[PDB]
Amino acid sequence: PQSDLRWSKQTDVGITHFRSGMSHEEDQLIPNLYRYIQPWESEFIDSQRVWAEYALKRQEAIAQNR
Amino acid sequence: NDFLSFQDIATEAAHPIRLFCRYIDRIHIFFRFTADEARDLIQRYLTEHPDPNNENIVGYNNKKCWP
Amino acid sequence: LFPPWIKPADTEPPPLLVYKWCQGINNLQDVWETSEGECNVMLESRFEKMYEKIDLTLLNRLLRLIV
Amino acid sequence: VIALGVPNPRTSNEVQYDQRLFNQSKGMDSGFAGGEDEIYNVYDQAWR
Amino acid sequence: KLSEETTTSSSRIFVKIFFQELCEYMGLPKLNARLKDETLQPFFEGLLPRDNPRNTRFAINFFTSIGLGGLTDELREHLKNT
Amino acid sequence: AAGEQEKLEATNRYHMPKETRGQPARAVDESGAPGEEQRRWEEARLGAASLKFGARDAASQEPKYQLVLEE
Amino acid sequence: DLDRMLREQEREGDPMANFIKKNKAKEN
Amino acid sequence: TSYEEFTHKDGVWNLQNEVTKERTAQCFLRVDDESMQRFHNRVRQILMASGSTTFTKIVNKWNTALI
């Protein structure tokens, strides 16, 4: 992503243009590695939900002796 | 206690130093001040280190990665 | 022996330490209220030549308190 | 003889688990042999 | 349409997750101001019944048992007057 | 049990060690050893996993709406 | 695993089960 | 914050209050310049060690540093 260098150091002005990263044959669409790594915030939310569900399941398994 | 919890709100608010962490040798301290405590601390620091020409801006450092 | 502010602990990765520090800042009581001139101060530093200035006789006297 | 010669049993603590969920992963240490940059291992399972 | 006769269990799970995230990312006073406007009142009548008070009781208990509260104070006032 | 509790809190002090000449001697030691290490390590993983912020006192400013149910 | 999935959805967030639990709490 | 919150791709940690379960703050994240220099020096170390290393092991070194 590329914006004005005049207003880059002042604020965040959005994205007005794109420049090419590496040369490839027309379409190609080489997959990015970052799309196969989960973001940290989603992992922390899912970790909290999953460990709370496991704690309640462990309490139910202790209480019901199952 | 655990890492960033207290027993009570009154135990939190009893001191300016709210949060503290040490990562081997790195130190991260979070203070919360009222107006009077900050004014008294500024008065004591200017009592030891006077600066009438306001040169404290010049030696101060800032995060240049941000806009 | 070690209080929970001493990091890196085995409980969390350092990005989880960053997230827990941000949430511990955010979940303080009236942390963003600046109506009465309350100011928050975040200080980050190091201890510089910490390893090079550990006197061994004082280290032996301090370690005899523990082990 | 508590189980057989006595008809009065006792309670049990802890959690029972399936054995089939029990030993999928072994090993003593992490999967990063120190640094060890040139040992491939970027994938967990085989390709096909 | 918040009714236990029509909606399946997964529909209640979907509505619970949807409204929990709506209460999370924008405020409950802002959520009440959004649900309390006169322009979108025909668009919320299946969600906020104010009629057949078994269904109104089900909606009040549903939004309370999600963990919200608050939004059903007007519905509790309407139920208490009838 | 109250007398034993008084002796137990008399035991649990700091008592920084005397420099002893010669070989060290084993003092008085425990916990539940058979089968409790699995739930102990489960408690360790739960303590490493559980994340909760703020103080423990957070029950204030709660309206605590109850269910209407049916009559 | 459809039967285990319906078991998980009956063990899900489930405000109906909370209604049942609070109704048995208030009745008994 | 003026206007409203900044719904931006993934650099924003929407910090949640524990009591009200509401997003009250945003944490913008960037990579520190020391980490940039460490990664660039890692690639430079790979390229200087490339003189006695096959292509597959060079790609493996890159893949290890990148992930």
# chains A, B, ... in the order shown; residues from 1 in each chain; ligands from 1
$ residues_around --residues "residue C:3" --least-positions-apart "2" --cutoff "9 Å" --atoms "only C-alpha atoms" --output "list in words"
residues 1, 2 and 3 of chain B; 1, 5 and 6 of chain C
$ residues_around --residues "stretch 10-27 of chain D" --least-positions-apart "6" --cutoff "8 Å" --atoms "only C-alpha atoms" --output "list in words"
residues 58, 61, 62, 65 and 66 of chain A; 36 and 39 of chain F
$ closest_residue --among "G:26, G:21, G:13, G:1" --to "chain E" --atoms "only C-alpha atoms"
G:13
$ interface_residues --of "chain H" --to "chain E" --cutoff "8 Å" --atoms "only C-alpha atoms" --output "ChimeraX atom specification"
/H:16,21-23
$ atom_distance --atom1 "atom CA of residue H:17" --atom2 "atom CA of residue F:58"
11.3 Å
$ interface_residues --of "chain B" --to "chain F" --cutoff "10 Å" --atoms "only C-alpha atoms" --output "JSON, numbers by chain"
{"B": [1, 2, 3, 4, 5, 6, 7, 8, 9, 10, 11, 12]}
$ write_last_selection --atoms "N, CA and C atoms" --output "PDB file, in the first residue's frame"
ATOM      1  N   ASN B   1      -1.440 -13.013  44.905  1.00  0.00           N
ATOM      2  CA  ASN B   1      -2.093 -12.458  43.736  1.00  0.00           C
ATOM      3  C   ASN B   1      -1.524 -13.078  42.466  1.00  0.00           C
ATOM      4  N   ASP B   2      -2.197 -12.814  41.356  1.00  0.00           N
ATOM      5  CA  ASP B   2      -1.673 -13.141  40.039  1.00  0.00           C
ATOM      6  C   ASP B   2      -0.894 -11.931  39.519  1.00  0.00           C
ATOM      7  N   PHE B   3      -0.641 -11.890  38.206  1.00  0.00           N
ATOM      8  CA  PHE B   3       0.318 -10.949  37.622  1.00  0.00           C
ATOM      9  C   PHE B   3      -0.148  -9.498  37.735  1.00  0.00           C
ATOM     10  N   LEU B   4      -1.378  -9.203  37.340  1.00  0.00           N
ATOM     11  CA  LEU B   4      -1.825  -7.814  37.310  1.00  0.00           C
ATOM     12  C   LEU B   4      -3.170  -7.665  37.996  1.00  0.00           C
ATOM     13  N   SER B   5      -3.292  -8.226  39.193  1.00  0.00           N
ATOM     14  CA  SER B   5      -4.513  -8.103  39.969  1.00  0.00           C
ATOM     15  C   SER B   5      -4.180  -7.714  41.398  1.00  0.00           C
ATOM     16  N   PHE B   6      -5.176  -7.150  42.069  1.00  0.00           N
ATOM     17  CA  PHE B   6      -5.063  -6.730  43.451  1.00  0.00           C
ATOM     18  C   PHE B   6      -6.206  -7.344  44.244  1.00  0.00           C
ATOM     19  N   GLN B   7      -6.086  -7.277  45.567  1.00  0.00           N
ATOM     20  CA  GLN B   7      -7.155  -7.762  46.427  1.00  0.00           C
ATOM     21  C   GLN B   7      -8.353  -6.825  46.434  1.00  0.00           C
ATOM     22  N   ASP B   8      -8.130  -5.529  46.227  1.00  0.00           N
ATOM     23  CA  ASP B   8      -9.190  -4.550  46.400  1.00  0.00           C
ATOM     24  C   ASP B   8      -8.915  -3.338  45.524  1.00  0.00           C
ATOM     25  N   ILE B   9      -9.976  -2.565  45.283  1.00  0.00           N
ATOM     26  CA  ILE B   9      -9.855  -1.277  44.607  1.00  0.00           C
ATOM     27  C   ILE B   9      -9.081  -0.297  45.485  1.00  0.00           C
ATOM     28  N   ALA B  10      -9.312  -0.351  46.800  1.00  0.00           N
ATOM     29  CA  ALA B  10      -8.608   0.525  47.731  1.00  0.00           C
ATOM     30  C   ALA B  10      -7.130   0.174  47.839  1.00  0.00           C
ATOM     31  N   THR B  11      -6.775  -1.091  47.623  1.00  0.00           N
ATOM     32  CA  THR B  11      -5.367  -1.454  47.548  1.00  0.00           C
ATOM     33  C   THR B  11      -4.740  -1.003  46.238  1.00  0.00           C
ATOM     34  N   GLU B  12      -5.537  -0.904  45.172  1.00  0.00           N
ATOM     35  CA  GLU B  12      -5.038  -0.362  43.913  1.00  0.00           C
ATOM     36  C   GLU B  12      -4.769   1.129  44.029  1.00  0.00           C
TER      37      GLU B  12
END
$ atom_distance --atom1 "atom CA of residue B:35" --atom2 "atom CA of residue C:38"
5.5 Å
$ closest_residue --among "E:12, E:34, E:54, E:78" --to "chain G" --atoms "only C-alpha atoms"
E:12
$ interface_residues --of "chain E" --to "chain G" --cutoff "10 Å" --atoms "only C-alpha atoms" --output "tab-separated table (two decimals) with N, CA, C and O atoms, in the first residue's frame"
chain	number	residue	atom	x	y	z
E	4	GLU	N	-39.97	-19.39	20.91
E	4	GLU	CA	-39.47	-20.75	21.12
E	4	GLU	C	-40.22	-21.78	20.28
E	4	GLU	O	-39.72	-22.90	20.12
E	9	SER	N	-32.74	-24.50	18.11
E	9	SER	CA	-31.76	-24.24	19.16
E	9	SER	C	-30.54	-23.52	18.61
E	9	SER	O	-30.00	-22.61	19.26
E	10	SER	N	-30.10	-23.90	17.41
E	10	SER	CA	-28.97	-23.26	16.76
E	10	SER	C	-29.28	-21.81	16.40
E	10	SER	O	-28.37	-20.98	16.36
E	12	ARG	N	-31.15	-19.80	18.32
E	12	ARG	CA	-30.90	-19.11	19.58
E	12	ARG	C	-29.41	-18.97	19.88
E	12	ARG	O	-29.00	-17.94	20.43
E	13	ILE	N	-28.60	-19.97	19.51
E	13	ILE	CA	-27.14	-19.86	19.67
E	13	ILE	C	-26.58	-18.75	18.78
E	13	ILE	O	-25.75	-17.93	19.21
E	14	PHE	N	-27.07	-18.68	17.53
E	14	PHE	CA	-26.66	-17.65	16.57
E	14	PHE	C	-27.04	-16.25	17.03
E	14	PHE	O	-26.23	-15.33	16.97
E	16	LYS	N	-27.66	-15.37	20.14
E	16	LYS	CA	-26.89	-15.09	21.35
E	16	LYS	C	-25.49	-14.60	21.03
E	16	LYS	O	-25.04	-13.60	21.61
E	17	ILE	N	-24.80	-15.25	20.09
E	17	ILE	CA	-23.45	-14.84	19.70
E	17	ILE	C	-23.48	-13.48	19.00
E	17	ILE	O	-22.64	-12.61	19.27
E	58	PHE	N	-40.67	-14.74	27.30
E	58	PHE	CA	-39.59	-15.52	26.72
E	58	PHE	C	-38.48	-14.62	26.19
E	58	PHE	O	-37.30	-14.92	26.37
E	61	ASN	N	-36.66	-13.02	29.32
E	61	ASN	CA	-35.80	-14.02	29.95
E	61	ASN	C	-34.65	-14.43	29.04
E	61	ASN	O	-33.58	-14.76	29.53
E	62	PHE	N	-34.85	-14.35	27.72
E	62	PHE	CA	-33.78	-14.67	26.77
E	62	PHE	C	-32.68	-13.63	26.81
E	62	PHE	O	-31.49	-13.97	26.91
E	63	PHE	N	-33.05	-12.35	26.75
E	63	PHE	CA	-32.04	-11.29	26.80
E	63	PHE	C	-31.44	-11.14	28.19
E	63	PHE	O	-30.31	-10.64	28.31
E	64	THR	N	-32.14	-11.56	29.24
E	64	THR	CA	-31.53	-11.59	30.56
E	64	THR	C	-30.57	-12.76	30.70
E	64	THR	O	-29.47	-12.60	31.25
E	65	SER	N	-30.94	-13.94	30.20
E	65	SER	CA	-30.13	-15.13	30.35
E	65	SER	C	-28.95	-15.18	29.41
E	65	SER	O	-28.06	-16.01	29.60
E	66	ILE	N	-28.95	-14.34	28.36
E	66	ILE	CA	-27.73	-14.13	27.59
E	66	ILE	C	-26.67	-13.48	28.47
E	66	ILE	O	-25.52	-13.93	28.53
$ interface_residues --of "chain D" --to "chain H" --cutoff "7 Å" --atoms "only C-alpha atoms" --output "PyMOL selection string"
chain D and resi 37-40
